[PDB]
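Survey of secondary and tertiary structure
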Number of protein chains: 2
Amino acid sequence: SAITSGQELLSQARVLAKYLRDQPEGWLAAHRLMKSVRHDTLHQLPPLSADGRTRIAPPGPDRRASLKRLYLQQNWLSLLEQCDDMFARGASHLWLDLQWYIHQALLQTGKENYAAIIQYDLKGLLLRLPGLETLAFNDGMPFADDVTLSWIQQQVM
Amino acid sequence: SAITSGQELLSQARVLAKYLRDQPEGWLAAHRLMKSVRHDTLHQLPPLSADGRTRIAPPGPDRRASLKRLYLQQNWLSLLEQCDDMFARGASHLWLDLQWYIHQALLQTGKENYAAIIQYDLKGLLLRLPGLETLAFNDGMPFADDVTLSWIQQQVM
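As a convention, residue numbering begins from 1 on each chain and follows the written sequence, not necessarily the numbering found in the entry; residues with no coordinates do not appear. A letter from A marks each chain and a number from 1 marks each ligand, given out in the order of writing. To get the side-chain values, take all heavy atoms of the structure and skip hydrogens and water. Residues with missing side-chain atoms are left out of burial classes, side-chain pairs and their counts.

1. Focus: the overall build of chain A
Of the regular secondary structure elements, chain A holds seven helices and zero strands. Both definitions apply: the radius of gyration is a C-alpha atom measure, and the globule rule equals 2.2 Å times residues to the power 0.38. A globule of 157 residues ought to have a C-alpha radius of gyration of about 15 Å, and chain A, at 15 Å, matches this closely. Its C-alpha atoms put chain A at 45 × 40 × 30 Å along the principal axes. Throughout, a residue-residue contact means that at least one pair of heavy atoms, one from each residue, lies within 4.5 Å. For chain A, restricting intrachain contacts to residue pairs at least 6 apart in sequence, the fraction spanning at least 24 positions comes to 64%. Only runs of H or I of at least four residues qualify as helices and only runs of E of at least two qualify as strands under DSSP, and these elements are numbered from the N terminus.

Here's what the structure looks like:
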């Protein structure tokens, strides 16, 4: 709960973000608080890269199939809410596709100004950690697939 | 400490940010956590605007003269540390000049990638609240002066 146990900072930040989400139109605040506590804490290029793959475990087939279902079902509000839980429960969530899912849901929900911020937030992270966009997980699953990497290199820069 | 007392969220966020700042190279994380908890919580154009001036009180001559001294003394590291305390103890800190001070210190400290993020962060806020850049406090003191507003309209957009 102090100095060591960064794990405990993440859990204390989670309860702080839970508060903000419950408040009127406080999604962004709640969302962006996790982005700063997870992305702005990573200053190392790789963590570590083995023979191609990073030692970082993929998101999990259960939860990643659950998001494809919500996208197909065009249920933006639930997809948006489920992406945040996924970002909190994983590996700094370098599953960059999650950001694309949020972006798509924000465009389809009409919140265009919010969707622009998401792009800027990601641009900043990738400015700091260059090769991050192009890396892959344990199983070989990329952090960013064809559809999302396309969006990164020509829409977010 | 829950639902009501957003004041108590700010104090709990402050202790969370204090942790991050103490960690190696965790300034940004600490900084950006305050930006999300203070700026991303404001969705209203003005709060409220009277006959020109907003009902929002200025930063305080004591602390704003203290920052000019540090800028003149070119003590970037202390200015950067003092701007964060100022952002936490004030009115959502719409004292936009604070962001310019941080930006200048980040450029002079060499952390160019960090300084770019600061600009993007501000761009997002001003995208959400348009007229914010051009408003003024109780005494008539603008949120952004000539030197900083110049930086906003042609460097941050």
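2. A look at the relation of the copies chain A and chain B
The transformation that overlays chain A on chain B combines an axial shift of 0.0 Å with a rotation of 180°, and the residual RMSD is 0.0 Å. Expressed as a symmetry operation, the mapping of one chain copy onto the other fits a two-fold axis. A symmetric contact is evident, with 100% of the interface residues of chain A recurring at the interface of chain B. Each copy is overlaid on the others through least-squares superposition based on its C-alpha atoms.

3. Notes on the packing of helix α2 (residues 27-39) of chain A against helix α2 (residues 27-39) of chain B
Their axes nearest at 9 Å, the elements α2 of chain A and α2 of chain B cross at an angle of 180°. Between α2 of chain A and α2 of chain B, the angle falls in the class roughly antiparallel. Note on element contacts: α2 of chain B touches α2 of chain A through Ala29, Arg32, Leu33, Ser36 and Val37 of chain B, opposite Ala29, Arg32, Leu33, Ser36 and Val37 of chain A. Polarity classes work like this: nonpolar for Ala, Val, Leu, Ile, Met, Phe, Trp, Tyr, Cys and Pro, charged for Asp, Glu, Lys and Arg, and polar for all others, with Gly in that last group. When its residues are assigned to classes, the contact of α2 of chain A with α2 of chain B shows six nonpolar, two polar and two charged. In this analysis, axes come from line fits to C-alpha atoms, helices being fitted only over the stretch in contact, and the angle between any two N-to-C directions falls in the range 0 to 180 degrees. Should an angle fall under 35 degrees it is taken as roughly parallel, and over 145 as roughly antiparallel, whereas 65 to 115 is taken as roughly perpendicular and any remaining angle as oblique.

4. Regarding the interface of chain A and chain B
Every contact between the two is made by 32 residues of chain A and, on the other side, 32 residues of chain B. Elements with a minimum of two residues in the side of chain A that touches chain B: α1 (6-22), α2 and α6 (112-128) of chain A. The dominant element in the side of chain A that touches chain B, judged by the number of residues it contributes, is α6 of chain A, at eight residues. Split by residue class, the side of chain A that touches chain B holds 16 nonpolar, 11 polar and five charged.

5. A short note on the pattern of salt bridges
Criterion for a salt bridge: a side-chain nitrogen of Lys or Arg within 4 Å of a carboxyl oxygen of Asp or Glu. Across the pair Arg32 of chain A and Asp40 of chain B runs a salt bridge whose closest N-O atoms are separated by 2.9 Å. In this pair, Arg32 of chain A sits in helix α2 while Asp40 of chain B sits in the loop between α2 and α3 (61-72), so the two residues belong to two different chains. One salt bridge connects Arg128 of chain B with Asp40 of chain B, and the closest N-O pair in it is separated by 3.3 Å. Here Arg128 of chain B, found in helix α6 (residues 112-128), pairs with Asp40 of chain B, found in the loop between α2 and α3; they are 88 residues apart in sequence, far enough to count as distant. Through salt bridges that share partners, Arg32, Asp40, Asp121 and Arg128 of chain A together with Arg32, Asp40, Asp121 and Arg128 of chain B make up one connected network.

6. Some thoughts on unusual backbone geometry
Of note in the backbone geometry, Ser5 of chain A takes a positive phi value of approximately 60° without being a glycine. Considering the arrangement of structural elements, one finds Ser5 of chain A in the segment before α1. In this model, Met157 of chain B sits at a positive phi of 65°, which is unusual for a non-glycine residue. Of note, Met157 of chain B is situated in the segment after α7 (146-156).

7. Re the environment of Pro58 of chain A
Residue and element names in this part refer to chain A. Within the element layout of this structure, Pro58 appears in the loop between α2 and α3 (61-72). Taking the C-alpha atoms as reference points, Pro58 and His93, separated by 35 residues in sequence, lie 9.5 Å from one another. Leaving out residues up to four positions away in the same chain, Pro58 has contacts with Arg64, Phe137, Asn138 and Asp139.

8. Concerning the side chain of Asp121 of chain A
Position of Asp121 of chain A among the secondary structure elements: in helix α6. Within polar-contact distance, the side chain of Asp121 of chain A engages the side chain of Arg32 of chain B at 3.3 Å. Under this definition, polar contacts are N or O atom pairs within 3.5 Å; protein pairs additionally need one hydrogen-donor-capable and one acceptor-capable atom, and for neighbouring residues in sequence, both atoms have to be side-chain atoms.

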